[PDB]
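Enquirer: Whatever this is, show me its structure:
(3 chains)
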Amino acid sequence: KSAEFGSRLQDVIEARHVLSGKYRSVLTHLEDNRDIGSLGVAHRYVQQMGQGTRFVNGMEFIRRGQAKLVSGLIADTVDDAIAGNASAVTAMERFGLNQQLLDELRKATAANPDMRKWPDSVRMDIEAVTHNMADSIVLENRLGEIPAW
Amino acid sequence: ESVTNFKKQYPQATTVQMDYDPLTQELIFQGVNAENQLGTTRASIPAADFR
Amino acid sequence: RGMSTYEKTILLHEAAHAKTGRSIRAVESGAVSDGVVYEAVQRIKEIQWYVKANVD
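Expert: Numbering: from 1, shown residues only, chains lettered A, B, ... in the order given. Please see the structure below:
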């Protein structure tokens, strides 16, 4: 209901920042580089559910549902950091940011807010920063828990 | 020895299940719950030292 | 036997690079989720990340 956050949650559910544009690298990396075994919930139910095809065929749907949510969360929390929220910046740096990248990112975003893609000057760094984050969440979040950081 | 160590590490575990992984020649222990559900505890032991 | 005491210690010092054989296995899905080594790789990668912001 809150006007302060509902808009961003809607965007995270609808996957409007992830399907095309700057951030699709994350979704591409997660989509075709992992399997149903990475859900964790797969292990917890392989024996109640009939262990047949109806299990594996169904689990792919959940994989492709969850990947979009994770990517949308990362995309949201990166733009929030670029905006100025200090609490996010001190969590972004856990995966390798530094003043040099952030200054250039803020400069680039101001000249052109459209940004169908990142500039070639800083592409290969921020791209690697995000990919490191994407892997970590999948490992800590397996149980359905909120990591400390 | 393996069973005693596994139970010492995880007192809350009531039952133990054993499985074999042929690809890496590995033996795996895991705690189990009712309704055929599985827990989070796990352990690994190579076959060479067991033999 | 035809080696000095100093050299044959450097031989063990370089053989301590055995990590490479184990870093690779934790990048490929060979050591799937085996404890100890899987956690050590993660908490070495975390330190690798840390040094950039604050100081493969």
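Enquirer: Could you check which helix or strand contains residue C:21?
Expert: For residue C:21, the host element (DSSP states H and E) is helix C:19-25.
Enquirer: May I see the buried residues of that helix?
Expert: Across helix C:19-25, burial judged by 16 or more other CB atoms under 10 Å in any protein chain shown covers C:23, C:25. From N, CA and C alone the C-beta is placed, and that goes for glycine too.
Enquirer: What is it packed up against?
Expert: Judged by 3 or more CB pairs under 8 Å, 6 or more residues apart in numbering or on different chains; DSSP states H and E, helix C:19-25 is in contact with helix C:37-54.
Enquirer: Wondering if the helix it packs on reaches chain A at all.
Expert: Yes: Helix C:37-54 comes into contact with chain A when judged by CB under 8 Å from any CB of the partner chain, the residues involved being C:42, C:49, C:50, C:52, C:53, C:54.
Enquirer: Partner strands of the biggest strand by length in chain B, with direction?
Expert: Taking DSSP state E as the assignment, the strand of chain B that covers the most residues is strand B:38-46. Paired with strand B:38-46 in the same sheet, following DSSP bridges, are strand B:26-32 (antiparallel).
Enquirer: Relative to the whole chain's centre, how far out is the strand it pairs with?
Expert: On the basis of CA atoms, centre = their mean, to the nearest Å, strand B:26-32 is displaced by 2 Å from the centre of the chain it belongs to.
Enquirer: residue at max distance from the center of chain A?
Expert: Most distant from the centre of chain A: residue A:50, at 32.1 Å, with distances by CA atoms, centre = their mean.
Enquirer: where's that residue relative to chain B, distance?
Expert: Going from residue A:50 to chain B by CB to the nearest CB, to the nearest Å gives 11 Å.
Enquirer: for that residue, helix, strand, or coil?
Expert: Per DSSP: H, G, I helix; E, B strand; the rest coil, the local secondary structure of residue A:50 is coil.
Enquirer: quick one: is the biggest helix by length in chain A near chain B?
Expert: The longest helix of chain A (DSSP state H) is helix A:53-83. No: counting by CB under 8 Å from any CB, no contacts exist between helix A:53-83 and chain B, the nearest distance being 12.9 Å.
Enquirer: elements contacting that helix?
Expert: Looks like helix A:53-83 contacts helix A:6-14, helix A:24-31, helix A:41-45, helix A:86-92, helix A:99-111, helix A:123-140 (3+ CB pairs under 8 Å, 6+ apart).
Enquirer: what's the offset of the third one from the middle of its chain?
Expert: Relative to its parent chain, helix A:41-45 has a centroid offset of 23 Å by CA atoms, centre = their mean.
Enquirer: Residues touching it, excluding its own?
Expert: Contact with helix A:41-45 is made by A:36, A:37, A:55, A:59, A:62, B:37, B:38, as judged by CB atoms under 8 Å, 6 or more residues apart in numbering or on different chains.
Enquirer: Closest to residue C:17 out of the residues you listed?
Expert: Using CB to CB, residue A:37 is the member of the contacts of helix A:41-45 that sits closest to residue C:17, with 31.4 Å.
Enquirer: Give me the number of neighbouring residues for the closest one.
Expert: The burial count assigned to residue A:37 is 13, neighbours taken as other CB atoms under 10 Å in any protein chain shown.
Enquirer: Would you mind measuring from it to residue B:36?
Expert: Residue A:37 sits 18 Å away from residue B:36 when distances are taken as CB to CB, to the nearest Å.
Enquirer: who in chain C is up against chain B?
Expert: Along chain C, the residues adjacent to chain B under the rule CB under 8 Å from any CB are C:30, C:32, C:33, C:34, C:35.
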